file query_7.cif (mmCIF, N, CA, C and O atoms)
data_my_file
#
loop_
_atom_site.label_atom_id
_atom_site.label_comp_id
_atom_site.auth_asym_id
_atom_site.auth_seq_id
_atom_site.Cartn_x
_atom_site.Cartn_y
_atom_site.Cartn_z
N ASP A 1 -20.02 -7.72 -0.51
CA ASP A 1 -19.40 -6.43 -0.94
C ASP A 1 -20.30 -5.53 -1.79
O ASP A 1 -20.58 -5.79 -2.95
N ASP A 2 -20.68 -4.42 -1.19
CA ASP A 2 -21.52 -3.43 -1.83
C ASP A 2 -20.74 -2.66 -2.90
O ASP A 2 -19.52 -2.79 -2.98
N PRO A 3 -21.43 -1.84 -3.72
CA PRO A 3 -20.78 -1.00 -4.73
C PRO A 3 -20.01 0.16 -4.11
O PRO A 3 -20.40 1.32 -4.20
N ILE A 4 -18.92 -0.18 -3.46
CA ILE A 4 -18.00 0.79 -2.90
C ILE A 4 -16.91 1.09 -3.90
O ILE A 4 -16.66 2.24 -4.26
N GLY A 5 -16.26 0.03 -4.34
CA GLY A 5 -15.14 0.19 -5.23
C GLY A 5 -13.93 0.46 -4.40
O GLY A 5 -13.15 1.36 -4.67
N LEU A 6 -13.83 -0.35 -3.37
CA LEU A 6 -12.89 -0.17 -2.29
C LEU A 6 -11.48 -0.04 -2.85
O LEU A 6 -10.67 0.74 -2.35
N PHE A 7 -11.21 -0.79 -3.89
CA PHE A 7 -9.98 -0.65 -4.62
C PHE A 7 -10.19 0.28 -5.80
O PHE A 7 -10.50 -0.15 -6.91
N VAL A 8 -10.06 1.56 -5.52
CA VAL A 8 -10.21 2.60 -6.52
C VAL A 8 -9.03 2.55 -7.49
O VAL A 8 -9.20 2.54 -8.71
N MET A 9 -7.84 2.50 -6.93
CA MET A 9 -6.62 2.30 -7.70
C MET A 9 -5.67 1.44 -6.90
O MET A 9 -5.45 1.68 -5.71
N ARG A 10 -5.10 0.45 -7.54
CA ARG A 10 -4.26 -0.51 -6.86
C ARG A 10 -2.78 -0.25 -7.14
O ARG A 10 -2.38 -0.03 -8.29
N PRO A 11 -1.96 -0.25 -6.08
CA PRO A 11 -0.52 -0.11 -6.21
C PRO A 11 0.09 -1.29 -6.96
O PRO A 11 -0.45 -2.40 -6.95
N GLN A 12 1.20 -1.04 -7.63
CA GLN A 12 1.84 -2.04 -8.46
C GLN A 12 3.25 -2.30 -7.99
O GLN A 12 3.71 -1.66 -7.05
N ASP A 13 3.94 -3.26 -8.63
CA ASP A 13 5.24 -3.66 -8.26
C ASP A 13 6.26 -2.57 -8.52
O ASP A 13 5.99 -1.37 -8.45
N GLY A 14 7.43 -3.01 -8.87
CA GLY A 14 8.55 -2.13 -9.06
C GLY A 14 9.86 -2.83 -8.89
O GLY A 14 10.06 -3.62 -7.97
N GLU A 15 10.74 -2.54 -9.80
CA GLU A 15 12.10 -3.06 -9.77
C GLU A 15 13.06 -1.91 -9.54
O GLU A 15 13.17 -1.02 -10.39
N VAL A 16 13.75 -1.90 -8.41
CA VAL A 16 14.56 -0.81 -8.04
C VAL A 16 15.86 -1.37 -7.53
O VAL A 16 15.97 -2.54 -7.21
N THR A 17 16.81 -0.53 -7.47
CA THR A 17 18.12 -0.87 -6.95
C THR A 17 18.17 -0.53 -5.48
O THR A 17 17.46 0.37 -5.02
N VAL A 18 19.00 -1.23 -4.72
CA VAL A 18 19.22 -0.86 -3.36
C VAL A 18 20.06 0.37 -3.31
O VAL A 18 21.25 0.39 -3.62
N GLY A 19 19.35 1.38 -2.98
CA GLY A 19 19.91 2.69 -2.87
C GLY A 19 19.07 3.70 -3.60
O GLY A 19 19.35 4.90 -3.56
N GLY A 20 18.01 3.24 -4.29
CA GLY A 20 17.14 4.15 -4.91
C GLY A 20 15.94 4.37 -4.08
O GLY A 20 16.01 4.68 -2.89
N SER A 21 14.86 4.19 -4.71
CA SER A 21 13.59 4.35 -4.13
C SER A 21 12.59 3.46 -4.79
O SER A 21 12.84 2.87 -5.84
N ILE A 22 11.45 3.40 -4.17
CA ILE A 22 10.29 2.79 -4.69
C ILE A 22 9.10 3.56 -4.19
O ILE A 22 9.10 4.19 -3.13
N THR A 23 8.12 3.55 -4.99
CA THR A 23 6.91 4.30 -4.73
C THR A 23 5.69 3.50 -5.10
O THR A 23 5.59 2.95 -6.20
N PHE A 24 4.79 3.42 -4.17
CA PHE A 24 3.52 2.80 -4.36
C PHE A 24 2.44 3.80 -3.99
O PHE A 24 2.66 4.71 -3.19
N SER A 25 1.29 3.65 -4.59
CA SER A 25 0.14 4.45 -4.28
C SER A 25 -1.10 3.58 -4.30
O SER A 25 -1.37 2.88 -5.28
N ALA A 26 -1.82 3.62 -3.22
CA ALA A 26 -3.04 2.83 -3.06
C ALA A 26 -4.23 3.74 -2.81
O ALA A 26 -4.25 4.50 -1.85
N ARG A 27 -5.22 3.66 -3.68
CA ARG A 27 -6.39 4.51 -3.57
C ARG A 27 -7.60 3.69 -3.11
O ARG A 27 -8.04 2.79 -3.82
N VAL A 28 -8.13 4.02 -1.94
CA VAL A 28 -9.19 3.26 -1.34
C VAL A 28 -10.41 4.13 -1.12
O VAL A 28 -10.34 5.23 -0.59
N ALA A 29 -11.50 3.60 -1.56
CA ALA A 29 -12.79 4.24 -1.53
C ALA A 29 -13.28 4.59 -0.13
O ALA A 29 -13.67 3.72 0.64
N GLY A 30 -13.28 5.88 0.15
CA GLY A 30 -13.78 6.42 1.41
C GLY A 30 -15.27 6.67 1.40
O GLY A 30 -15.77 7.69 1.87
N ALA A 31 -15.95 5.75 0.77
CA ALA A 31 -17.42 5.70 0.66
C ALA A 31 -18.16 5.83 1.99
O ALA A 31 -17.57 6.01 3.05
N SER A 32 -19.48 5.72 1.89
CA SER A 32 -20.32 5.61 3.06
C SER A 32 -20.31 4.15 3.52
O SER A 32 -20.55 3.24 2.73
N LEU A 33 -20.02 3.95 4.79
CA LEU A 33 -19.82 2.63 5.34
C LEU A 33 -20.05 2.62 6.84
O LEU A 33 -20.36 3.65 7.43
N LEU A 34 -19.94 1.44 7.43
CA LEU A 34 -20.05 1.29 8.87
C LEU A 34 -18.99 2.14 9.55
O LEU A 34 -19.29 2.93 10.44
N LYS A 35 -17.77 1.96 9.09
CA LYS A 35 -16.66 2.81 9.48
C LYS A 35 -15.66 2.85 8.34
O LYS A 35 -15.57 1.89 7.58
N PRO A 36 -14.93 3.98 8.19
CA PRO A 36 -13.99 4.20 7.08
C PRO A 36 -13.14 2.97 6.79
O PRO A 36 -12.76 2.25 7.71
N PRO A 37 -12.82 2.71 5.50
CA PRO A 37 -12.04 1.54 5.12
C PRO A 37 -10.79 1.35 5.96
O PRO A 37 -10.01 2.29 6.17
N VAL A 38 -10.61 0.14 6.41
CA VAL A 38 -9.43 -0.24 7.12
C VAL A 38 -8.56 -0.97 6.15
O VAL A 38 -8.83 -2.10 5.76
N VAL A 39 -7.57 -0.29 5.76
CA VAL A 39 -6.62 -0.81 4.83
C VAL A 39 -5.34 -1.06 5.57
O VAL A 39 -4.69 -0.14 6.06
N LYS A 40 -5.01 -2.30 5.65
CA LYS A 40 -3.76 -2.70 6.20
C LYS A 40 -2.82 -3.06 5.11
O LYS A 40 -3.11 -3.81 4.17
N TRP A 41 -1.72 -2.43 5.23
CA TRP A 41 -0.60 -2.68 4.39
C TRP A 41 0.26 -3.80 4.91
O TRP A 41 0.30 -4.11 6.10
N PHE A 42 0.96 -4.38 3.98
CA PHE A 42 2.00 -5.33 4.25
C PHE A 42 3.12 -4.91 3.36
O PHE A 42 2.90 -4.54 2.21
N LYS A 43 4.30 -4.90 3.88
CA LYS A 43 5.43 -4.39 3.17
C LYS A 43 6.14 -5.60 2.59
O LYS A 43 5.69 -6.68 2.86
N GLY A 44 7.13 -5.35 1.73
CA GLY A 44 8.08 -6.33 1.15
C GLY A 44 8.19 -7.73 1.80
O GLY A 44 7.35 -8.16 2.50
N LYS A 45 9.15 -8.53 1.35
CA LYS A 45 9.17 -10.00 1.57
C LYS A 45 8.78 -10.52 2.98
O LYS A 45 8.64 -11.73 3.16
N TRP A 46 8.62 -9.65 3.97
CA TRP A 46 8.28 -10.09 5.32
C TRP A 46 7.71 -8.99 6.22
O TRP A 46 7.29 -9.25 7.35
N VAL A 47 7.71 -7.78 5.72
CA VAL A 47 7.60 -6.63 6.52
C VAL A 47 6.18 -6.16 6.64
O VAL A 47 5.28 -6.51 5.89
N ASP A 48 6.05 -5.34 7.62
CA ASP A 48 4.91 -4.57 7.91
C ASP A 48 5.29 -3.15 7.60
O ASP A 48 6.46 -2.85 7.49
N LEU A 49 4.33 -2.31 7.36
CA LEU A 49 4.60 -0.89 7.30
C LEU A 49 4.24 -0.19 8.59
O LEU A 49 4.90 0.76 8.97
N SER A 50 3.24 -0.70 9.28
CA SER A 50 2.56 0.01 10.34
C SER A 50 3.56 0.45 11.38
O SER A 50 3.33 1.40 12.13
N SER A 51 4.69 -0.23 11.41
CA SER A 51 5.67 0.08 12.38
C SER A 51 6.78 0.95 11.80
O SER A 51 7.30 1.86 12.45
N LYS A 52 7.09 0.67 10.56
CA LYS A 52 8.28 1.18 9.91
C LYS A 52 8.02 2.54 9.28
O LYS A 52 8.94 3.34 9.14
N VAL A 53 6.79 2.70 8.83
CA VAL A 53 6.25 3.94 8.32
C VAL A 53 6.78 5.13 9.07
O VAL A 53 6.31 5.50 10.15
N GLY A 54 7.82 5.65 8.51
CA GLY A 54 8.48 6.81 9.07
C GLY A 54 9.37 7.55 8.09
O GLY A 54 8.90 8.39 7.33
N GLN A 55 10.65 7.21 8.09
CA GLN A 55 11.64 8.00 7.38
C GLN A 55 11.91 7.48 5.97
O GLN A 55 11.98 8.26 5.02
N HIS A 56 12.06 6.16 5.82
CA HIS A 56 12.37 5.59 4.50
C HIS A 56 11.10 5.12 3.81
O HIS A 56 10.96 5.23 2.60
N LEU A 57 10.20 4.61 4.60
CA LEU A 57 8.88 4.21 4.15
C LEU A 57 7.92 5.11 4.87
O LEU A 57 7.71 4.97 6.06
N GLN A 58 7.36 6.04 4.15
CA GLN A 58 6.24 6.77 4.61
C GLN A 58 5.04 6.17 3.93
O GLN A 58 4.89 6.23 2.71
N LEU A 59 4.20 5.60 4.73
CA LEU A 59 2.92 5.12 4.29
C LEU A 59 1.93 6.19 4.72
O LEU A 59 1.45 6.22 5.85
N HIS A 60 1.70 7.10 3.80
CA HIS A 60 0.85 8.23 4.00
C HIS A 60 -0.58 7.89 3.70
O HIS A 60 -0.89 6.89 3.08
N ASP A 61 -1.41 8.75 4.17
CA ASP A 61 -2.81 8.69 3.95
C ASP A 61 -3.30 10.03 3.50
O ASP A 61 -3.20 11.04 4.19
N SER A 62 -3.78 10.01 2.31
CA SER A 62 -4.48 11.13 1.73
C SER A 62 -5.95 10.87 1.87
O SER A 62 -6.39 9.73 1.86
N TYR A 63 -6.72 11.92 2.01
CA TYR A 63 -8.12 11.79 2.29
C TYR A 63 -8.92 12.77 1.49
O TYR A 63 -9.01 13.96 1.80
N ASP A 64 -9.45 12.25 0.43
CA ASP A 64 -10.32 12.97 -0.44
C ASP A 64 -11.72 12.42 -0.30
O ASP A 64 -12.01 11.31 -0.75
N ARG A 65 -12.56 13.17 0.33
CA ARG A 65 -13.96 12.81 0.50
C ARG A 65 -14.70 12.91 -0.82
O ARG A 65 -15.44 12.02 -1.21
N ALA A 66 -14.46 14.02 -1.50
CA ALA A 66 -15.09 14.31 -2.78
C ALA A 66 -14.69 13.29 -3.83
O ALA A 66 -15.45 12.97 -4.74
N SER A 67 -13.49 12.77 -3.68
CA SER A 67 -13.00 11.75 -4.58
C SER A 67 -13.39 10.38 -4.04
O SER A 67 -13.44 9.40 -4.78
N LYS A 68 -13.70 10.36 -2.74
CA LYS A 68 -14.02 9.13 -2.03
C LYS A 68 -12.81 8.22 -2.08
O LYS A 68 -12.91 7.02 -2.29
N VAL A 69 -11.66 8.83 -1.90
CA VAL A 69 -10.41 8.12 -1.95
C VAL A 69 -9.52 8.49 -0.79
O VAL A 69 -9.23 9.66 -0.55
N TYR A 70 -9.12 7.48 -0.09
CA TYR A 70 -8.02 7.57 0.82
C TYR A 70 -6.83 7.03 0.07
O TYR A 70 -6.73 5.83 -0.17
N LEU A 71 -5.98 7.91 -0.32
CA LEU A 71 -4.81 7.54 -1.06
C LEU A 71 -3.66 7.37 -0.11
O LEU A 71 -3.08 8.33 0.39
N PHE A 72 -3.35 6.15 0.11
CA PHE A 72 -2.22 5.79 0.89
C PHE A 72 -1.01 5.77 -0.01
O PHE A 72 -0.91 4.97 -0.95
N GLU A 73 -0.14 6.66 0.28
CA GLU A 73 1.07 6.84 -0.47
C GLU A 73 2.17 6.10 0.22
O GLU A 73 2.35 6.20 1.42
N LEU A 74 2.90 5.40 -0.56
CA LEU A 74 4.09 4.77 -0.10
C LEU A 74 5.24 5.52 -0.64
O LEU A 74 5.50 5.52 -1.85
N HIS A 75 5.92 6.17 0.22
CA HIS A 75 7.17 6.73 -0.17
C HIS A 75 8.17 5.87 0.52
O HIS A 75 8.47 6.07 1.69
N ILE A 76 8.63 4.88 -0.19
CA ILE A 76 9.56 3.94 0.36
C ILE A 76 10.82 3.96 -0.44
O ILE A 76 10.93 3.40 -1.50
N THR A 77 11.76 4.63 0.09
CA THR A 77 13.00 4.74 -0.52
C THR A 77 13.95 3.80 0.11
O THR A 77 13.71 3.22 1.18
N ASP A 78 15.00 3.67 -0.60
CA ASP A 78 16.13 2.88 -0.23
C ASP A 78 15.73 1.49 0.18
O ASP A 78 15.72 1.11 1.35
N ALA A 79 15.38 0.76 -0.82
CA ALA A 79 15.01 -0.63 -0.67
C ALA A 79 16.25 -1.48 -0.41
O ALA A 79 17.12 -1.58 -1.26
N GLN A 80 16.34 -2.02 0.79
CA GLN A 80 17.36 -3.01 1.13
C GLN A 80 17.28 -4.20 0.16
O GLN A 80 16.20 -4.55 -0.29
N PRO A 81 18.43 -4.84 -0.18
CA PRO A 81 18.44 -5.99 -1.09
C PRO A 81 17.63 -7.18 -0.57
O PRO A 81 17.33 -8.12 -1.30
N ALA A 82 17.28 -7.12 0.71
CA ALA A 82 16.43 -8.13 1.32
C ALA A 82 15.01 -7.59 1.51
O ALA A 82 14.22 -8.14 2.27
N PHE A 83 14.69 -6.50 0.82
CA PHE A 83 13.39 -5.87 0.98
C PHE A 83 12.42 -6.35 -0.07
O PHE A 83 11.24 -6.05 0.04
N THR A 84 12.96 -7.07 -1.09
CA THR A 84 12.21 -7.67 -2.18
C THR A 84 10.75 -7.79 -1.86
O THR A 84 10.27 -8.74 -1.24
N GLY A 85 10.11 -6.74 -2.24
CA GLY A 85 8.79 -6.44 -1.86
C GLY A 85 7.80 -7.49 -2.19
O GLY A 85 7.66 -7.92 -3.31
N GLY A 86 7.20 -7.93 -1.16
CA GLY A 86 5.89 -8.45 -1.24
C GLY A 86 4.97 -7.57 -0.43
O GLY A 86 4.59 -7.89 0.68
N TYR A 87 4.72 -6.40 -0.97
CA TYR A 87 3.81 -5.44 -0.37
C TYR A 87 2.37 -5.89 -0.66
O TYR A 87 1.98 -6.00 -1.83
N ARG A 88 1.60 -6.17 0.37
CA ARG A 88 0.22 -6.59 0.20
C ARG A 88 -0.70 -5.54 0.77
O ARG A 88 -0.57 -5.17 1.93
N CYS A 89 -1.62 -5.06 -0.02
CA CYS A 89 -2.57 -4.09 0.47
C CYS A 89 -3.93 -4.71 0.49
O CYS A 89 -4.47 -5.10 -0.54
N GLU A 90 -4.48 -4.80 1.67
CA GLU A 90 -5.73 -5.49 1.87
C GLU A 90 -6.66 -4.65 2.71
O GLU A 90 -6.49 -4.52 3.93
N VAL A 91 -7.64 -4.04 2.06
CA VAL A 91 -8.61 -3.21 2.75
C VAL A 91 -9.84 -4.02 3.11
O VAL A 91 -10.29 -4.88 2.34
N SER A 92 -10.38 -3.73 4.27
CA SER A 92 -11.55 -4.42 4.76
C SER A 92 -12.51 -3.39 5.32
O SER A 92 -12.25 -2.77 6.35
N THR A 93 -13.59 -3.17 4.60
CA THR A 93 -14.58 -2.20 5.00
C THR A 93 -15.93 -2.83 4.90
O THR A 93 -16.08 -3.71 4.07
N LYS A 94 -16.87 -2.34 5.70
CA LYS A 94 -18.26 -2.83 5.77
C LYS A 94 -18.43 -4.27 5.29
O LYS A 94 -18.54 -5.20 6.08
N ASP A 95 -18.42 -4.42 3.99
CA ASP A 95 -18.64 -5.68 3.34
C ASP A 95 -17.77 -5.78 2.10
O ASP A 95 -17.74 -6.80 1.43
N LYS A 96 -17.05 -4.69 1.79
CA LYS A 96 -16.23 -4.67 0.61
C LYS A 96 -14.88 -5.17 0.98
O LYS A 96 -14.32 -4.81 2.02
N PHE A 97 -14.38 -6.01 0.15
CA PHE A 97 -13.06 -6.53 0.30
C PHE A 97 -12.31 -6.46 -1.01
O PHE A 97 -12.82 -6.87 -2.05
N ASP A 98 -11.11 -5.94 -0.93
CA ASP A 98 -10.24 -5.79 -2.09
C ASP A 98 -8.80 -5.88 -1.63
O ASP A 98 -8.48 -5.51 -0.50
N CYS A 99 -7.92 -6.37 -2.49
CA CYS A 99 -6.53 -6.59 -2.10
C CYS A 99 -5.58 -6.51 -3.29
O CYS A 99 -5.97 -6.73 -4.44
N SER A 100 -4.33 -6.17 -3.00
CA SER A 100 -3.30 -6.07 -4.03
C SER A 100 -2.05 -6.83 -3.65
O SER A 100 -1.72 -6.99 -2.47
N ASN A 101 -1.38 -7.29 -4.67
CA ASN A 101 -0.12 -8.01 -4.51
C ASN A 101 0.91 -7.43 -5.46
O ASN A 101 0.81 -7.57 -6.68
N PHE A 102 1.89 -6.73 -4.92
CA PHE A 102 2.84 -6.03 -5.74
C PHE A 102 4.21 -6.11 -5.12
O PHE A 102 4.40 -5.87 -3.93
N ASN A 103 5.17 -6.50 -5.94
CA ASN A 103 6.48 -6.79 -5.47
C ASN A 103 7.44 -5.67 -5.75
O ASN A 103 7.25 -4.84 -6.63
N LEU A 104 8.47 -5.68 -4.99
CA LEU A 104 9.60 -4.79 -5.22
C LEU A 104 10.86 -5.61 -5.41
O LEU A 104 11.37 -6.21 -4.47
N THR A 105 11.38 -5.64 -6.61
CA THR A 105 12.59 -6.38 -6.87
C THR A 105 13.77 -5.46 -6.69
O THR A 105 14.11 -4.67 -7.58
N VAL A 106 14.36 -5.53 -5.52
CA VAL A 106 15.51 -4.75 -5.20
C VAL A 106 16.74 -5.41 -5.78
O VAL A 106 17.12 -6.53 -5.46
N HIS A 107 17.31 -4.68 -6.68
CA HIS A 107 18.48 -5.10 -7.41
C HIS A 107 19.71 -4.70 -6.65
O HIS A 107 20.10 -3.53 -6.64
N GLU A 108 20.26 -5.65 -5.96
CA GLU A 108 21.53 -5.47 -5.27
C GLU A 108 22.63 -5.15 -6.28
O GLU A 108 23.19 -4.06 -6.29
N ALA A 109 22.91 -6.11 -7.14
CA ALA A 109 23.90 -5.92 -8.19
C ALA A 109 23.23 -5.99 -9.56
O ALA A 109 23.37 -5.09 -10.38
N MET A 110 22.47 -7.06 -9.77
CA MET A 110 21.73 -7.25 -11.01
C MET A 110 20.27 -7.53 -10.70
O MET A 110 19.40 -6.96 -11.37
#
call {"tool": "encode", "arguments": {"input": "query_7.cif", "output": "structure tokens"}}
result
Amino acid sequence: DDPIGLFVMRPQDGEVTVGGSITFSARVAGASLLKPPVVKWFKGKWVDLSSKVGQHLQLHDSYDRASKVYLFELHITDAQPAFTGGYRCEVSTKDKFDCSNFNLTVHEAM
């Protein structure tokens, strides 16, 4: 892993109620590389985003070259009580490897 800093900013957990929202933000270094960082997300206790990324979970991609950050925004609202996030963000670029582990505790009742 070269001095990329692939994990510029790492998304964190969150405790939310089912019916609210949750928000994650992942900032990945859009440095000079073989090819732009491939950051694969993993959503809550079992999920993927790559498929679901739409209306309740928008896994956005911001692209700041000058910042050298691809900011993948998670706009994930309305966390199902079985959504208890194990969101894993694992980017794999050139030789840089970085990963995050952040949960979403969806509070059904308590």
call {"tool": "resolve_selection", "arguments": {"input": "query_7.cif", "expression": "the PyMOL selection byres ((chain A and resi 75) around 4.5)", "output": "PyMOL selection string"}}
result
chain A and resi 22+56-58+73-74+76-77
call {"tool": "write_last_selection", "arguments": {"input": "query_7.cif", "atoms": "N, CA, C and O atoms", "output": "compact mmCIF listing (two decimals), in the frame of the given file"}}
result
# COMPACT_ATOMS: atom_id res chain seq x y z
N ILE A 22 11.45 3.40 -4.17
CA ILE A 22 10.29 2.79 -4.69
C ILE A 22 9.10 3.56 -4.19
O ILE A 22 9.10 4.19 -3.13
N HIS A 56 12.06 6.16 5.82
CA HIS A 56 12.37 5.59 4.50
C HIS A 56 11.10 5.12 3.81
O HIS A 56 10.96 5.23 2.60
N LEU A 57 10.20 4.61 4.60
CA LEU A 57 8.88 4.21 4.15
C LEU A 57 7.92 5.11 4.87
O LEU A 57 7.71 4.97 6.06
N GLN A 58 7.36 6.04 4.15
CA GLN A 58 6.24 6.77 4.61
C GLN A 58 5.04 6.17 3.93
O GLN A 58 4.89 6.23 2.71
N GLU A 73 -0.14 6.66 0.28
CA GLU A 73 1.07 6.84 -0.47
C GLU A 73 2.17 6.10 0.22
O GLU A 73 2.35 6.20 1.42
N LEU A 74 2.90 5.40 -0.56
CA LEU A 74 4.09 4.77 -0.10
C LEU A 74 5.24 5.52 -0.64
O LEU A 74 5.50 5.52 -1.85
N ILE A 76 8.63 4.88 -0.19
CA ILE A 76 9.56 3.94 0.36
C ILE A 76 10.82 3.96 -0.44
O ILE A 76 10.93 3.40 -1.50
N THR A 77 11.76 4.63 0.09
CA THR A 77 13.00 4.74 -0.52
C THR A 77 13.95 3.80 0.11
O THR A 77 13.71 3.22 1.18
call {"tool": "closest_residue", "arguments": {"input": "query_7.cif", "among": "A:52, A:68, A:94, A:107", "to": "residue A:38", "atoms": "only N, CA, C and O atoms"}}
result
A:94
call {"tool": "closest_residue", "arguments": {"input": "query_7.cif", "among": "A:32, A:55, A:50, A:103", "to": "residue A:78", "atoms": "all atoms listed in the file"}}
result
A:55
call {"tool": "closest_residue", "arguments": {"input": "query_7.cif", "among": "A:7, A:41, A:63, A:46", "to": "residue A:82", "atoms": "only N, CA, C and O atoms"}}
result
A:46
call {"tool": "resolve_selection", "arguments": {"input": "query_7.cif", "expression": "the PyMOL selection byres (((chain A and resi 80 and name CA) around 12) and name CA)", "output": "JSON, numbers by chain"}}
result
{"A": [16, 17, 18, 19, 20, 21, 22, 44, 45, 47, 56, 57, 76, 77, 78, 79, 81, 82, 83, 84, 85, 104, 105, 106, 107, 108, 109]}
call {"tool": "write_last_selection", "arguments": {"input": "query_7.cif", "atoms": "N, CA, C and O atoms", "output": "compact mmCIF listing (two decimals), in the frame of the given file"}}
result
# COMPACT_ATOMS: atom_id res chain seq x y z
N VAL A 16 13.75 -1.90 -8.41
CA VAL A 16 14.56 -0.81 -8.04
C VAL A 16 15.86 -1.37 -7.53
O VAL A 16 15.97 -2.54 -7.21
N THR A 17 16.81 -0.53 -7.47
CA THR A 17 18.12 -0.87 -6.95
C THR A 17 18.17 -0.53 -5.48
O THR A 17 17.46 0.37 -5.02
N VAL A 18 19.00 -1.23 -4.72
CA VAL A 18 19.22 -0.86 -3.36
C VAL A 18 20.06 0.37 -3.31
O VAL A 18 21.25 0.39 -3.62
N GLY A 19 19.35 1.38 -2.98
CA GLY A 19 19.91 2.69 -2.87
C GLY A 19 19.07 3.70 -3.60
O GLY A 19 19.35 4.90 -3.56
N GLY A 20 18.01 3.24 -4.29
CA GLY A 20 17.14 4.15 -4.91
C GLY A 20 15.94 4.37 -4.08
O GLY A 20 16.01 4.68 -2.89
N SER A 21 14.86 4.19 -4.71
CA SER A 21 13.59 4.35 -4.13
C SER A 21 12.59 3.46 -4.79
O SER A 21 12.84 2.87 -5.84
N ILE A 22 11.45 3.40 -4.17
CA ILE A 22 10.29 2.79 -4.69
C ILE A 22 9.10 3.56 -4.19
O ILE A 22 9.10 4.19 -3.13
N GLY A 44 7.13 -5.35 1.73
CA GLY A 44 8.08 -6.33 1.15
C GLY A 44 8.19 -7.73 1.80
O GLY A 44 7.35 -8.16 2.50
N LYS A 45 9.15 -8.53 1.35
CA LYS A 45 9.17 -10.00 1.57
C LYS A 45 8.78 -10.52 2.98
O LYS A 45 8.64 -11.73 3.16
N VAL A 47 7.71 -7.78 5.72
CA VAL A 47 7.60 -6.63 6.52
C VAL A 47 6.18 -6.16 6.64
O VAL A 47 5.28 -6.51 5.89
N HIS A 56 12.06 6.16 5.82
CA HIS A 56 12.37 5.59 4.50
C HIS A 56 11.10 5.12 3.81
O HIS A 56 10.96 5.23 2.60
N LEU A 57 10.20 4.61 4.60
CA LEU A 57 8.88 4.21 4.15
C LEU A 57 7.92 5.11 4.87
O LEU A 57 7.71 4.97 6.06
N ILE A 76 8.63 4.88 -0.19
CA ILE A 76 9.56 3.94 0.36
C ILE A 76 10.82 3.96 -0.44
O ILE A 76 10.93 3.40 -1.50
N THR A 77 11.76 4.63 0.09
CA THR A 77 13.00 4.74 -0.52
C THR A 77 13.95 3.80 0.11
O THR A 77 13.71 3.22 1.18
N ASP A 78 15.00 3.67 -0.60
CA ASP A 78 16.13 2.88 -0.23
C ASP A 78 15.73 1.49 0.18
O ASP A 78 15.72 1.11 1.35
N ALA A 79 15.38 0.76 -0.82
CA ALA A 79 15.01 -0.63 -0.67
C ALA A 79 16.25 -1.48 -0.41
O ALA A 79 17.12 -1.58 -1.26
N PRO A 81 18.43 -4.84 -0.18
CA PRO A 81 18.44 -5.99 -1.09
C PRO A 81 17.63 -7.18 -0.57
O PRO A 81 17.33 -8.12 -1.30
N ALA A 82 17.28 -7.12 0.71
CA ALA A 82 16.43 -8.13 1.32
C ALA A 82 15.01 -7.59 1.51
O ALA A 82 14.22 -8.14 2.27
N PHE A 83 14.69 -6.50 0.82
CA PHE A 83 13.39 -5.87 0.98
C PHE A 83 12.42 -6.35 -0.07
O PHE A 83 11.24 -6.05 0.04
N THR A 84 12.96 -7.07 -1.09
CA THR A 84 12.21 -7.67 -2.18
C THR A 84 10.75 -7.79 -1.86
O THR A 84 10.27 -8.74 -1.24
N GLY A 85 10.11 -6.74 -2.24
CA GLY A 85 8.79 -6.44 -1.86
C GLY A 85 7.80 -7.49 -2.19
O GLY A 85 7.66 -7.92 -3.31
N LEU A 104 8.47 -5.68 -4.99
CA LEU A 104 9.60 -4.79 -5.22
C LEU A 104 10.86 -5.61 -5.41
O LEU A 104 11.37 -6.21 -4.47
N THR A 105 11.38 -5.64 -6.61
CA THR A 105 12.59 -6.38 -6.87
C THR A 105 13.77 -5.46 -6.69
O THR A 105 14.11 -4.67 -7.58
N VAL A 106 14.36 -5.53 -5.52
CA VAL A 106 15.51 -4.75 -5.20
C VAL A 106 16.74 -5.41 -5.78
O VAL A 106 17.12 -6.53 -5.46
N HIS A 107 17.31 -4.68 -6.68
CA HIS A 107 18.48 -5.10 -7.41
C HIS A 107 19.71 -4.70 -6.65
O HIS A 107 20.10 -3.53 -6.64
N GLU A 108 20.26 -5.65 -5.96
CA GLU A 108 21.53 -5.47 -5.27
C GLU A 108 22.63 -5.15 -6.28
O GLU A 108 23.19 -4.06 -6.29
N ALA A 109 22.91 -6.11 -7.14
CA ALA A 109 23.90 -5.92 -8.19
C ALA A 109 23.23 -5.99 -9.56
O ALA A 109 23.37 -5.09 -10.38
call {"tool": "resolve_selection", "arguments": {"input": "query_7.cif", "expression": "the PyMOL selection byres ((chain A and resi 4) around 8)", "output": "MDAnalysis selection string"}}
result
chainID A and resid 1:3 5:8 28:32 67:68 95:96
call {"tool": "closest_residue", "arguments": {"input": "query_7.cif", "among": "A:93, A:102, A:69, A:15", "to": "residue A:33", "atoms": "only N, CA, C and O atoms"}}
result
A:93
call {"tool": "axis_aligned_box", "arguments": {"input": "query_7.cif", "around": "stretch 63-79 of chain A", "padding_each_side": "4 Å", "output": "lines of an AutoDock Vina configuration file"}}
result
center_x = 0.8
center_y = 6.4
center_z = -1.2
size_x = 40.6
size_y = 23.9
size_z = 15.1
call {"tool": "residues_around", "arguments": {"input": "query_7.cif", "residues": "residue A:10", "least_positions_apart": "3", "cutoff": "8 Å", "atoms": "all atoms listed in the file", "output": "MDAnalysis selection string"}}
result
chainID A and resid 6:7 13 24:28 89 99:101
call {"tool": "closest_residue", "arguments": {"input": "query_7.cif", "among": "A:35, A:48, A:12, A:72", "to": "residue A:60", "atoms": "only N, CA, C and O atoms"}}
result
A:72
call {"tool": "atom_distance", "arguments": {"input": "query_7.cif", "atom1": "atom O of residue A:92", "atom2": "atom CA of residue A:14"}}
result
25.9 Å
call {"tool": "atom_distance", "arguments": {"input": "query_7.cif", "atom1": "atom C of residue A:70", "atom2": "atom O of residue A:9"}}
result
8.0 Å
call {"tool": "select_by_dssp", "arguments": {"input": "query_7.cif", "residues": "chain A", "states": "strand (DSSP E)", "output": "ChimeraX atom specification"}}
result
/A:7-9,14-17,21-29,38-42,57-64,69-77,85-93,96-107
